[PDB]
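# Architecture at a glance
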Amino acid sequence: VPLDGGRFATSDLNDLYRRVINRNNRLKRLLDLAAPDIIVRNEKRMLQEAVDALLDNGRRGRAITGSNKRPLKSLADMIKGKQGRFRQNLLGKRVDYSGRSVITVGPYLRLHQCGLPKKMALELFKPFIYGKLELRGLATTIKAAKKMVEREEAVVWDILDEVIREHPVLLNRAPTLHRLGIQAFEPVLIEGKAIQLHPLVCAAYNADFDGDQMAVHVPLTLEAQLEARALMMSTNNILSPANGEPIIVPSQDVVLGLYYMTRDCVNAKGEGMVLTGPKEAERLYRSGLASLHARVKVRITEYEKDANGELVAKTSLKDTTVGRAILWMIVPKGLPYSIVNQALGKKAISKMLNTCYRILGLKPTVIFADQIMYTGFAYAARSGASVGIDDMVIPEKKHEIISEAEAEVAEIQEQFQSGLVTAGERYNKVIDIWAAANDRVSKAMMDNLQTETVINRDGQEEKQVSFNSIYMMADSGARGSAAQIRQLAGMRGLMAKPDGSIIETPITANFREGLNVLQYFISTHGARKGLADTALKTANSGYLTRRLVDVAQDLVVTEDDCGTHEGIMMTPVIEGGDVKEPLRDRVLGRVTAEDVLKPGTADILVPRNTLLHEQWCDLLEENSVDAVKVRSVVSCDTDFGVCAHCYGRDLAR
Amino acid sequence: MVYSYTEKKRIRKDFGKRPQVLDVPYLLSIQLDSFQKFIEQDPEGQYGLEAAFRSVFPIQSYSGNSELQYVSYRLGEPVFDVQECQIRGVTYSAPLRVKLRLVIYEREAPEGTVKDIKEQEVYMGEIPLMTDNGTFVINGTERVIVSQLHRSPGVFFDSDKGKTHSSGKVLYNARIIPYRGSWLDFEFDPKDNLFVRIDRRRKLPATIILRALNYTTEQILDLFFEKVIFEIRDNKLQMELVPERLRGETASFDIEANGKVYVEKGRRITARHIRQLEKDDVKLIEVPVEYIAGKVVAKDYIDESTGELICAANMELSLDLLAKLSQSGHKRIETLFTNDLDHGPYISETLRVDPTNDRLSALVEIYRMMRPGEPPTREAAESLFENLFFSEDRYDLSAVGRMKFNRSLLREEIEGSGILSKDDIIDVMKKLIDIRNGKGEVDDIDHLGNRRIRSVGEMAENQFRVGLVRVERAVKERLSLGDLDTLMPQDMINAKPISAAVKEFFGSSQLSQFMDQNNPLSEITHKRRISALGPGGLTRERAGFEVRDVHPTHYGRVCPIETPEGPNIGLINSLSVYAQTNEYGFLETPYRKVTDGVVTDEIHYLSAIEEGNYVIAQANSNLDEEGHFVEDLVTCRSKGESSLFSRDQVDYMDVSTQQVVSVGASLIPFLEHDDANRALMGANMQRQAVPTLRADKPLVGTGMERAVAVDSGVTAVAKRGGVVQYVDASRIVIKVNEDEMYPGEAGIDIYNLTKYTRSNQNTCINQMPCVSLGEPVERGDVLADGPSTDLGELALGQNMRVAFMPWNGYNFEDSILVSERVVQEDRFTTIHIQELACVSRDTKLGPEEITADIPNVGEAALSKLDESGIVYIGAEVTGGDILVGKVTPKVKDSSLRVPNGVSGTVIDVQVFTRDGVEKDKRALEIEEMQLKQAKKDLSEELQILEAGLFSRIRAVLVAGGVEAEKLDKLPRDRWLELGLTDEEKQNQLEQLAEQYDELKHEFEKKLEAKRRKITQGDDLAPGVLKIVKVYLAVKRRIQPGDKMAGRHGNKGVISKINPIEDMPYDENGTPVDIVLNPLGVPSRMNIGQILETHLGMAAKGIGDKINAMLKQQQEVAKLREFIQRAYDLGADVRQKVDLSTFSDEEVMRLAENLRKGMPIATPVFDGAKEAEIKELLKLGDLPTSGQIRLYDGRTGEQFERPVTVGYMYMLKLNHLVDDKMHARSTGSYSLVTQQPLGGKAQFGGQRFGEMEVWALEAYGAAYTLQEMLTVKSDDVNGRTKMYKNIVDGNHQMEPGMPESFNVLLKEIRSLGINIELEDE
DNA sequence: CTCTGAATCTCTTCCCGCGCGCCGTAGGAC
DNA sequence: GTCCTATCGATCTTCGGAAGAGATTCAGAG
Ligand SMILES: [Mg+2]
Ligand SMILES: [Zn+2]
């Protein structure tokens, strides 16, 4: 190809074939002109050494070059590896009908939607837009509709909002480690230029919102839409593929709001009255007559689905708080209130959400998750949950704890100053005195944070769980648990040298206060190690997943039951003393290999190829079973695949 | 106390406490004094071009038997100055001219010349020059050479565990690294046999070198090993005991004599026994024959009588051998002492590997191991071996390498030759063997005493050497064969190889970086980067934790925070604020001398290996105003260890609390509080802020802004003191005062400011005045702001009023919520200037034209072109507008159209034309401009001298010799024709009218030369006829998706542009401008951002009291009282300031700049205590909790509990969204395989890359995948059938088989590999 | 006299996206 | 100045990758 003016792009192969053909022209000449052996052995060497270049330049002694020692890319350099066809153009390739933008958070989306800019939708869906303007007969054909789109006329949006009206679009970040990293959403149009993503789903992508771009793809055919809607739509993927654990796990602000809504404060406005239901609980809150975390009694009703699966509705007085009454109004009618009657936090609400999925199923769970999100945002707003430096709490015992520990370290030093302790022992004991100070500072600081709240119970003071701003965030599990708050206001503690060996004199300061220059300079030996690790690791992790999919990709589940009776045995992992995992982690949802007996003898408990779903694994936990034999894909005697029963539960379903 | 006239306009209230004894060095002396060190000639020939010339000249051929020799060099002034050069697009360079003298000798005679011909300065090349901003201009583009940091030349000893063999033991290695030439490695084999190699070639037995130097083995053994002797007298074979050779080891055998036995069999030996051994004088002793039967002999033993061998040096003895050789009369037999701990036998072991006999057989082995396939040959071998280590053409420890070598061998002196010598290698071997004998230490590799900085003035001296090295090879041959009769030096050399060498360097080297001219900080922190990469360095892909990590010698030399996280952490570092390059290139940094017990205010720079010899107190350490330490014991660092030591034990002290950081981090306030992750991301995000439209000042800073904005050279700085004569936002012109004038000059310094222009990153850079007409200015005052500055403080961003709270989730996770009030104010709008160019050529079908007569297009488009064929200035343009109506013969409308998507106002055009080619009225329009701009500024001197000279007529008329019957109405040289007599005054008149004519003739050549600069065309590339460049300015606003960041490494997209009524507002009804999320502060431990907010809030409060005191018409004496009460606030803060001396005028002029918040300094590790922020907030009428109750503008409800409100500083980053939003329906495809193009600069499709395909396969989704990688992508049929089915709305595909896979088949079948598709 | 141990050499692998920026055959002979 | 032909067939490709595995080279001996 020509480039900028009358110059051909140096198009490597044509320099290699040029080498060959020149040499061959000479060799035909010198053969027919009958040169002596030494001359033809010259040209014959130079020809063999040139065809060497053309095939796989650089397996020779040295690669040949035509610039500042750039080796020319030969054929075999075009086939292989990271810039060659197999990886660069075949296995994955660039695609039309795609676009990208910076993502930004859209709180108002229902979980299945994402907003995408009108400019992109109009530049992406063009073929479908022509397929409406001809169908309106409003444009004569492509030749006119093209112009009618270019002019961006007033009709086109009402057409676009009919084209798109339910065409799923696929959003994926990159890298995309796992299936949840491409998902489909129904688009809704936006005026701006960012892609408005749903808040809960950002966690799945590991999409942070700090300027993290994301690509979008339109699926074109009917089949690509039916696959997108049935499989990849976000509503169908509330669980992880890898472990039976939600991926909708609540966003930090949502859980902050729900924690704040459900606390009890022992003094409050409107405390102690009795109400006929959530609705007048809300009227009581919204008019400002009762505080949200005030204690109350309410009439409640709750629903249970019986042994058949049909609802029994029940009603009672409940003793609770205004905000637990309001929150009960969001829960779908089939869960027990005992799941809400407690000050909620990130673990407690994940199990809340999980139990919704356990009891109702998917379709209520996605909507309940949406409502949780909206609720948490709204009460987190009213909560005004700011952060402020007067809210960093230093336990003044910290001053004494250093002033004590410093002298005891100097006792280890004075022995050393008398030769009375060894050079190893002096060090490895001093760092334990600093550990004994550090545990004490941390414990005093967590006690002080809980200690900061005490209030008059109409007469005489009494204590309660601390409304201290940073402590709400830790105690809720929103962000920054013990290891962070310890550094913010307790002490930063011991630090490590480049070779991992521990510093003899720790950072007894904390970030509420200043580090001096040395404490700061040593602090960076931590952090720069942790960043070097990130930037170094991100290669080897990827080369690991490549090697794995590129060995696993041959498997597909391809029979129902291979017909084995063989398998392997599961127990709690008992080691180092106590059990590091229970049986219910391992065995849940495999199929039994062999008939599982009652603990004891001759009474069978589970038939010999039964899926041990949850009601079976709770039953095993009712028994004194320790070892269970189950089928495993390593033992499944299907040729060229695996049988379904040997694989067992599909974790995402 | 005094402040300069640009300080005394916004005296930043300073909270610092430590008195800054050393004021920050000019932040680019790293670069400028490097290049000055290259460009200056220096008779002490090291450093500079002159050193390189003297590295090659004199130059000669033996067969020519004549020479040419360098005498001296001159460097002419650069053909175009920087401004004009940056327009015209060439490189700013200087012509290199060299006095070469060619000397012609004769045969037979003494060498006295037949002739010698000094060529009058042969032209040698064009070396670029550095601009005073420290940047090179290389093709109009402005480029910066980052300093390299790499392993200094020297000798280095090393060892490792597990990386080698892993059986618990460690292997030791020594290297000699020259500056230029071959590396030599010595290393042991595991079995302690010693080996050597050159340049990581094959392993050789190490004595092969000592052989090659023609030591015999007997001599080698006298170089390395201690003697033990046997004397065959008083009884057969007595033995020479040196007592100290037995200690700690077991006396496993009979040694005794004469009285008390020292130590009998089986017992250790100790001091008291050695003293008894000495007191008995054990000079000879009895030992059993097993002892002598252990020995290896030192020296050669032929039988003299037969003349024939019985034993040889390092041959091993036995009783029968000892008998026959002492029986042969060799009554002194001599051997070596080799205790396994202290005297291991490694060289004898090496002589058991050794295949060599003597010198020649080793040279044979050398030449065959090094040059396999060439013949060894006695006359030929040395022409390898000497050029490995002993010849200047190929081995060279520079003066730094020799110094480091001598220091490591513990030599007395460091003025030494650059080549090795026998004893220079032997000393390395001995030191390596001492290490293996356990009596020494290995060096830490990654220590800033072993790695040295190379900067531009050294990289370019090497590349210029590569030049002279290729001229060497040409000129030697041309001289050797030449007749010497007609040749003159300009025949002998030609510039082309030098120019190739240096131009490729400055143009394209891995270190000639394109400058990040993003904002004035990013200019500087780039000019002072330290890079480990590039030529002679390591590589970003090929290093690990050993070098990325920080090291204890970094303190004060390299900033630990400011490194570009990502694939090259710590392979790039930023040279710390105060640090400096030593003479040799090692990084050295200033410390205060602690003299006995007082901190003396004198600074000594310490390199990284001077530092370990002292104990140095941390910068915070207090003093008593005499300067004794206040503390009785104090924290110091010492040997990388740190601990507490006594008062008056300590020996040096840090110079400043800023010493540990770079400017990039030194600008963060309250850095004392931040996690070093978030310090790092802060100090990296500051260098990306784009200059906003109306930039001002950070309210909380560090007082480093007053230095970054000035030293970065981008504010225009007053070269000499004077008074402002005129200002108009394009020119500023200063009547310099006569106390700093040069006597013949007009005395007037213009400053033509640069206006709207593209930065290298497309942000605009318009300088604006800060002065007023008639205002006085002093040398070094800022006259004009740069981009991102105001009043000469750095000012990247805008001091936006932020409150920390959740808001319905719009600021979830990280996002920033923003009020419409900020965008309405044009707070963050920013101007992006693109350059588009239309080239035109003398193509093969014929020459192009620029015209409006374009074929196939009507006035519907052409309405914006003028009649010449270029767009009007001030045309506002959009996609597809024709900017330049180029056309090609045989007529084709190829014309410059504005690319898709972009839009803007055309702010300027430029036109460039070859020689011998016609202009047009847009070239004449630009000539009219530039001529007039030169002529005006010249006239404003000629006018000033004319006025002075006619005064110099008038005054000496009016004062005496008056002729003023009529005077001032007349032409003031027609004043000569008045009738004054031939007394001296008429001769003064005649002479000073001739001085007036010559004053006209003076400018009569100066303006001609200037107009000749403008009249000419330009040095176009071959093929082009002319080029025109057209600039589009876009005023981009701010919108969802744009990125903003704080200084603390907090960052977000802005997520919604909320209308004012929805912002929270306070109990006074002012809404907040931004709502940040709180949870990021504990979760990422960057709580310094809260104290910036509170101190920012107080900063607003003082302006709030001042603005009220200016709306109310308070008298200055009350106003001065409040301002003074603000500056004196706090503890014993460093600064003192007396508004009593500000003359009221300047008190109002000060107030008029505080009236939007008092600016504050919080120097990095020395900031305000909390108790001083509270104190300032109490001086304002503000709530000292810092928090305020807020209400929600959606309802007017109160928020529960107050929330933080205050003035953070926020930067718009250059990652703004419309520069990234992209989408493609269909368009281009690549040629080799039909997959879509990739880009925004091309209308590309996103890569559905490898990992996404596994992601689809992991759903069941097969049809989606089939589509994505065929129909949507590659199948040349299917995609056009798909498109039509979609416009038909059929929703069906025909999938085929991708053409990229057919490419593969042919690319395999283009090997002799028959791959084929198969049927069943 | 070469058979199983071990020893030195080369070959091969090293995240995914993305955006800029520039830079892009020579020398000799007719 | 343009067109055609060839590369260090009279040097010196960078030491600062590890690894990890194989092909290919050598011990102590039956
Ligand atoms: Mg991110
Ligand atoms: Zn099976």
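Overview of the structure. (Residues numbered from 1 in each chain as written, not as in the entry; some residues may be left out. Chains lettered and ligands numbered in written order. Part of a larger assembly, values for the part shown. Heavy atoms only, no water.)

### Considerations on the coordination of the zinc ion (ligand 2)
All names here are of chain A.
- Taken together, the protein ligands of the zinc ion (ligand 2) are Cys562 (SG), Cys636 (SG), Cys643 (SG) and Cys646 (SG), with distances of 1.9 to 2.2 Å.
- In this structure, the zinc ion (ligand 2) is surrounded by 4 donor atoms whose angles at the metal cover 102 to 120°, and the resulting shape is tetrahedral.
- Along the chain, the residues donating to the zinc ion (ligand 2) fall in the pattern C-x73-C-x6-C-x2-C. Of the two residues, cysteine 562 is situated in the loop between β13 (557-559) and β14 (568-570) and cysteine 646 in helix α23 (residues 644-647); the sequence distance between them amounts to 84 residues. Like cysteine 562, the residue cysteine 646 is buried in the burial classification. (Donors = N, O, S within 2.8 Å, 3.2 Å for Na, K, Ca; no water. Tetrahedral: all angles 85-135°; square planar, octahedral: opposite > 155°, others 65-115°. Helix = DSSP H or I, 4+ residues; strand = E, 2+ residues; numbered from the N terminus. Buried < 20%, exposed > 50% of the residue type's maximum accessible area, 1.4 Å probe, protein only.)

### Focus: the pairing of strand β9 (residues 295-305) of chain A
All names here are of chain A.
- As defined by bridge partners, strand β8 (residues 274-275) adjoins β9 across 2 bridges and the pair is classed as parallel. Bridge pairing in β9 links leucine 275 to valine 298.
- With helix α12 (residues 278-286) bridging β8 and the parallel β9, this β-α-β connection has right-handed handedness.
- Taking the residues between adjacent antiparallel strands as the criterion, β9 and strand β10 (residues 311-321) are bridged by 5 residues, where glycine 309 takes a positive phi near 120°. (Pairing = 2+ DSSP bridges. Right-handed = clockwise from strand over helix to strand, strands pointing away.)

### Some remarks on unusual backbone geometry
- Geometrically, the link from A:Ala174 to A:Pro175 is a cis peptide bond, its omega value of 5° lying close to zero.
- Mapped onto the elements of the fold, A:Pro175 is located in the loop between β4 (169-172) and β5 (182-190).
- With omega at -10°, the peptide bond leading from B:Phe57 into B:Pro58 counts as cis.
- Relative to the elements of secondary structure, B:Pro58 occurs in the loop between α2 (49-56) and β2 (59-61).
- Positive phi outside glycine occurs at B:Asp199, with the angle close to 55°.
- Inspection of the secondary structure puts B:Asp199 in the loop between β14 (194-198) and β15 (204-205).
- Here B:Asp199 falls in the partly exposed class, since its relative accessible area comes to 36%.

### Some remarks on the protein's contact with DNA strand D
Residue and element names in this part refer to chain B.
- As a structural note, the neighbourhood of DNA strand D is formed by 13 residues, with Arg151, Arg175, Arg371, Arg394 and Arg542 the closest of them.
- Sugar plus phosphate: this is where 42% of the atoms of DNA strand D within 4 Å of the protein reside.
- Note that a base oxygen of DNA strand D is positioned 2.7 Å from one of the side-chain N or O atoms of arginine 394.
- Taking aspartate 446, its side chain carries an N or O atom lying 3.3 Å from a base nitrogen of DNA strand D. (Near = heavy atom within 4 Å. Polar contact = N/O pair within 3.5 Å; in protein donor to acceptor, adjacent residues only side chain to side chain.)

### Observations concerning a negative patch on the surface
All names here are of chain B.
- There is a patch of like negative charges on the surface, built from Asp973, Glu977, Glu990, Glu994, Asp997 and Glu998.
- The topology assignment puts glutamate 977 in the loop between α25 (921-958) and α26 (984-1015).
- The exposure class of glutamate 977 is exposed, given its relative accessible area of 62%. (Patch = residues over 30% accessible without salt bridge, like charges linked within 9 Å, V, L, I, M, F, W, Y side chains within 5 Å. Areas by Shrake-Rupley, 256 points an atom, 1.4 Å probe, with all protein chains shown as cover. Salt bridge = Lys/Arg side-chain N within 4 Å of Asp/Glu carboxyl O. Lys, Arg positive; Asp, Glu negative; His and termini not counted. Charge placed at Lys NZ, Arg CZ, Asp CG, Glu CD.)

### Points about the coordination of the magnesium ion (ligand 1)
- The coordination sphere of the magnesium ion (ligand 1), as far as protein atoms go, consists of A:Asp208 (OD), A:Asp208 (OD) and A:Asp210 (OD), spread over 1.8 to 2.1 Å.
- Residue A:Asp208 is classed as partly exposed on the basis of its relative accessible area of 23%.

### Brief notes about the protein's contact with DNA strand C
- Near DNA strand C you find 19 residues, and of these A:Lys82, A:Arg87, A:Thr538, B:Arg143 and B:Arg1247 are the closest.
- Protein-proximal atoms of DNA strand C, defined as those within 4 Å of the protein, fall in sugar or phosphate at a share of 87%.
- Interatomic distance of 3.2 Å between a backbone N/O atom of A:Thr538 and a base nitrogen of DNA strand C.
- Contact between DNA strand C and B:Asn139: a phosphate oxygen at 3.3 Å from a side-chain N or O atom of the residue.
- Here the residues of the surface near DNA strand C are counted per class, giving 5 nonpolar, 6 polar and 8 charged. (Nonpolar A, V, L, I, M, F, W, Y, C, P; charged D, E, K, R; others polar.)

### Section: the nonpolar core
- By size, the foremost hydrophobic cluster in this structure holds 95 residues, and its most contacted members are A:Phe125, A:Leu171, A:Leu197, A:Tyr205 and A:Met352.
- Apart from residues lying up to four places away in sequence, A:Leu171 is in contact with A:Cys114, A:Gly181, A:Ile182, A:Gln183, A:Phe185, A:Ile195, A:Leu197, A:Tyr205, A:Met214, A:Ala215 and A:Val216.
- By size, the runner-up hydrophobic cluster in this structure holds 81 residues, among which are A:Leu531, B:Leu1091, B:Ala1098 and B:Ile1173. (Core = buried A, V, L, I, M, F, W, Y, C linked by side-chain atoms within 4.5 Å. Contact = heavy atoms within 4.5 Å.)

### Details of the packing of helix α6 (residues 126-133) of chain A against helix α8 (residues 156-163) of chain A
Residues and elements named next belong to chain A.
- Here α6 crosses α8 at 110°, and the two axes come no closer than 10 Å. When the axes of α6 and α8 are compared, the pair comes out roughly perpendicular. In this structure, the crossing between α6 and α8 has a hand that is right-handed. Taken together, the residues of α8 that come into contact with α6 (itself represented by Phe128, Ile129, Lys132 and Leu133) are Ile159, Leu160, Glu162 and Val163.
- Considering only residue class, the contact of α6 with α8 consists of 6 nonpolar, no polar and 2 charged. (Axes fitted to C-alpha atoms, helices over the stretch in contact; angles between N-to-C directions. Parallel < 35°, antiparallel > 145°, perpendicular 65-115°, else oblique. Left-handed = near helix turned anticlockwise from the far one by under 90°.)

### With respect to empty space enclosed by the protein
Residue and element names in this part refer to chain B.
- Size it by volume and the largest cavity reaches roughly 140 Å³.
- In terms of lining, the largest cavity is formed by 16 residues, of which the most central are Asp814, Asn1050, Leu1076, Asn1077 and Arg1084.
- For the lining of the largest cavity, the class distribution of residues is 6 nonpolar, 6 polar and 4 charged.
- Each pocket or cavity is described by its volume, and for the second largest cavity that value is around 80 Å³.
- Every residue along the wall of the second largest cavity is listed here: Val196, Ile198, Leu204, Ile208, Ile209, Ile366, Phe385, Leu388, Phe389 and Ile425.
- When residues of the lining of the second largest cavity are traced back to their parent elements, those giving at least two are β14, α4 (207-212) and α11 (378-389).
- It is α11 that provides the largest number of residues to the lining of the second largest cavity, a total of 3 residues.
- Per-class residue counts for the lining of the second largest cavity are 10 nonpolar, no polar and no charged. (1 Å grid on protein atoms, 1.4 Å probe; cavity = no way out; pocket = protein on both sides within 12 Å on 5 of 7 lines; lining within 4 Å. Points joined across faces, edges and corners; volume = space filled by probe spheres on them.)

Keep in mind these numbers describe shape, not what the thing actually does.
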